[PDB]
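Below, each chain spelled out in residue letters.
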Amino acid sequence: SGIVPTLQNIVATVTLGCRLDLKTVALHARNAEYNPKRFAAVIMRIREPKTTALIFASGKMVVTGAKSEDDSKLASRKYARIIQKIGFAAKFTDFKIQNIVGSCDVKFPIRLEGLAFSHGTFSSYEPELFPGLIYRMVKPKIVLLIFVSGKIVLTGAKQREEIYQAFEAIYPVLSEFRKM
Amino acid sequence: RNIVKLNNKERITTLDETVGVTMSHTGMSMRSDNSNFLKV
Amino acid sequence: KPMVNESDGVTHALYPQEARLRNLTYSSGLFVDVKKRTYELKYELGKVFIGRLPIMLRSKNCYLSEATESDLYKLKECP
Amino acid sequence: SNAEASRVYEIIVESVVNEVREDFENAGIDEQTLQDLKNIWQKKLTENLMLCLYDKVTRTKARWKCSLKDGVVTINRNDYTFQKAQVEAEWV
Amino acid sequence: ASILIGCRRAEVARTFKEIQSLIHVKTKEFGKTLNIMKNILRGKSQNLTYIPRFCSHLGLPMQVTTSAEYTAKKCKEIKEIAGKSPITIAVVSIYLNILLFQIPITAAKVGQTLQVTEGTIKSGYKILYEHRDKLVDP
Amino acid sequence: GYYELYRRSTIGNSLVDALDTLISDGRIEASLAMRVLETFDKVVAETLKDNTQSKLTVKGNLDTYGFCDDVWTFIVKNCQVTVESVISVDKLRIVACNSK
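Per the PDB record, this model was obtained through cryo-EM at a reported resolution of 5.1 Å.

(A) Expanded view of the arrangement of the chains. Pairwise contact counts over the seven pairs of chains in contact peak for chains D and F. Separating chain B from chain D is a minimum C-alpha gap of 31 Å, and the two share no contact. Chain D makes no contact with chain C, the minimum C-alpha separation between the two being 35 Å.

(B) Looking closely at the interface of chain D and chain F. Counting residues at the interface gives 47 residues for chain D and 53 residues for chain F. Taken together, the connections running from chain D to chain F amount to three salt bridges. In this structure, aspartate 23 of chain D engages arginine 35 of chain F in a salt bridge whose closest nitrogen and oxygen atoms are separated by 3.7 Å. One can count 19 residue pairs in polar contact joining chain D with chain F.

(C) Quick look at helix α2 (residues 31-45) of chain D. With 15 residues, α2 of chain D extends 21 Å between its outermost C-alpha atoms, agreeing within 8% with the 21 Å of an ideal straight helix rising 1.5 Å per residue. On its buried face, α2 of chain D is in contact with α1 (3-27) of chain D together with α1 (10-24) of chain F. Note on α2 of chain D: the residue one or two positions beyond its end, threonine 46 of chain D, has a positive phi of about 55°.

(D) Main features of the nonpolar core. With 32 residues, the main nonpolar core has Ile12, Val16 and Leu51 of chain D together with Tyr6 and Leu15 of chain F as its most contacted residues. The set of elements that each furnish at least two residues to this core consists of α1, α2 and β1 (49-60) of chain D together with α1, α2 (32-50) and β3 (86-98) of chain F. Among the elements that make up this core, the one with the highest residue count is α1 of chain D (nine residues). Setting aside residues up to four positions removed in sequence, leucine 51 of chain D forms contacts with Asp70, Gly71 and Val72 of chain D together with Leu5, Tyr6, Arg8, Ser9 and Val95 of chain F. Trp64 and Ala85 of chain D together with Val58 and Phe67 of chain F belong to the second-largest nonpolar core, a separate cluster that totals 30 residues.

(E) Quick peek at the state of the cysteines. Taken as a whole and assessed by the stated rule, the structure comprises zero disulfides over all chains. This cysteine, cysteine 97 of chain F, is not joined by any disulfide, and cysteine 52 of chain D carries the nearest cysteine sulfur, 9.3 Å off.

(F) The arrangement of the domain arrangement of chain A in detail. Residues and elements named next belong to chain A. When its domains are assigned, chain A resolves into domain 1 (1-11 + 98-180) and domain 2 (12-97). For domain 1 and domain 2, the distance between their C-alpha centroids amounts to 32 Å. Taken together, the contacts link ten residues of domain 1 with 13 residues of domain 2. Note on domain 1 versus domain 2: buried area summed over both sides is about 920 Å², and carbon and sulfur give 46% of it. Linking domain 1 with domain 2 are one salt bridge, by the criterion used here. Per element, the largest residue contribution to the side of domain 1 that touches domain 2 is five residues, and it comes from strand β1 (residues 6-15).

(G) Examining the pattern of salt bridges more closely. This structure, assessed with the given rule, holds 24 salt bridges over all chains. As a salt-bridge pair, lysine 38 of chain E and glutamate 126 of chain A come within 3.5 Å of each other at their nearest N and O atoms. Within this pair, whereas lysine 38 of chain E is found in helix α3 (residues 28-43), its partner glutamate 126 of chain A is found in strand β7 (residues 123-126), the two belonging to separate chains. Taking relative accessible area as the criterion, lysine 38 of chain E reaches 28% and is therefore assigned partly exposed. Each member of the salt-bridge network shares a partner with another, and the members are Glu33 and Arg45 of chain A together with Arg59 of chain D.

Conventions adopted
Residues numbered from 1 in each chain as written, not as in the entry; some residues may be left out. Chains lettered and ligands numbered in written order. Part of a larger assembly, values for the part shown. Heavy atoms only, no water. Residues with missing side-chain atoms left out of burial classes, pairs and counts. Contact = heavy atoms within 4.5 Å. Salt bridge = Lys/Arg side-chain N within 4 Å of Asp/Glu carboxyl O. Polar contact = N/O pair within 3.5 Å; in protein donor to acceptor, adjacent residues only side chain to side chain. Helix = DSSP H or I, 4+ residues; strand = E, 2+ residues; numbered from the N terminus. Expected span 1.5 Å × (residues − 1). Core = buried A, V, L, I, M, F, W, Y, C linked by side-chain atoms within 4.5 Å. Buried < 20%, exposed > 50% of the residue type's maximum accessible area, 1.4 Å probe, protein only. Disulfide = S-S within 2.5 Å. Domains from an automatic or database assignment. Buried area = accessible area lost by both parts, 1.4 Å probe.

Listed below in structure tokens is the structure:
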């Protein structure tokens, strides 16, 4: 083994605790996108860290796009600092990471048909609809995407230890259904 | 007047193809639309 | 001409001997040129299968009408 | 330097004078006053800003593309007039 | 979805574009209803069959059919690309097995009859021509 | 109809200074200058819509972007512009409205 999954996305939610008006916010702000006819929320982006936050009128904000937890928390504090800079009485509270997405490579082809036949109660393989395999692990409750080239995707986790335990619990099964 | 008593009609034409083409055009052939009729 | 569409989906030619042995129906497919028009009121702006027809033996539609003696012996049909 | 901009300016001056002449006659001021508007206007005619309209603005990750139609651009003390334009900008 | 389930149970092969050509189910909701329906069936407790059907759509001999069978199995054993849905593997397999003989259909006719992209059968015909070595039956 | 953003151009500010010159220095009747501004908007609209053949190409680093009341506003830093010549621009501001 020796392969460690690398995080790719982290989705967290931050509650500011106030209320907004969207023409004034979209008029006085710098880097932001707003359009009520498509999405009733301002899409604010920052450079460092390179993230994306969806800001709603009810004060709820969604900071997503970070590669680590410190970048999501610090980026969330930067968005909250921008909101406090605009002219509202916001407060950085209720920071809870909602999703963690990672990926890795096993460096050998994987038999998806035999994996879908043996683990039929946890897999859902339809090549004409999606060439990858959707493995729903019980403990921990992680949704894994197992492709042919060996790239393993992991989503549906609240912590990193769930991703690591998911990969350590899926590695022998992948080593069983190998080819070369 | 004897020649007018020689009127005939055309017989039914038998399609001579490999059948599988026509039988493919019968049921599901992965080809829809291609003609606007009662499409509202 | 007489034909048979099997269960898996393959359709091939039918002979009366194999028709008797497989308990099939010696019939032939029927198509119709179906024309459609849309008027809008006299303002004016397909080979569809309609069903099978049983074919009598020794008829102009059956394969055995044009067969010879040795050909009938090949198809296992008495002259 | 561009002669098309001078031709457009001349069409604008002549057309504006000809269409405004009616409102100048309705007010009852003077025709030589309108001639003074043309002479003073052409006499005055002798910060990097683009003015136009957009058709589609797409964004992918951090890449922005914009389809622009009909506009005048002021760049380095030089004026330009375009019918179409494509913007391929990158955001940090 | 019930027709497709009854097709999968009876060892029959019907593509999604065929039932989709029969009924306009908007694909996505069809996939979700088929998924939860499969969960219902699991709670109440194979591309090879497509080759003779498309060979019947083209009217090909039996040797090309079994040749596309051996080609389909071997291509299923060689890996690389793996599949990208089995329909394209079937049409490029029949395309190679028909470019091995002399019966001419070209790529446009087989692409408009089987409803497959020409660039896809050529993209698969490239790597397939690269793996032409171990696909010979005799 | 006919947006009033074209008044912010060089010829637009020239016409504004000319009209304000006729109203301030002389006794030219007011309100009519606004009619000259509307006719100016229509003439610039139809003229730029029919009497333009150039095609530019701006490629740079997007410094700022915004959208409000069907108004796209961009600020690009260090961008190159291609006419149909290549021109280097340190800072460029773009203001566009909806064409539909």
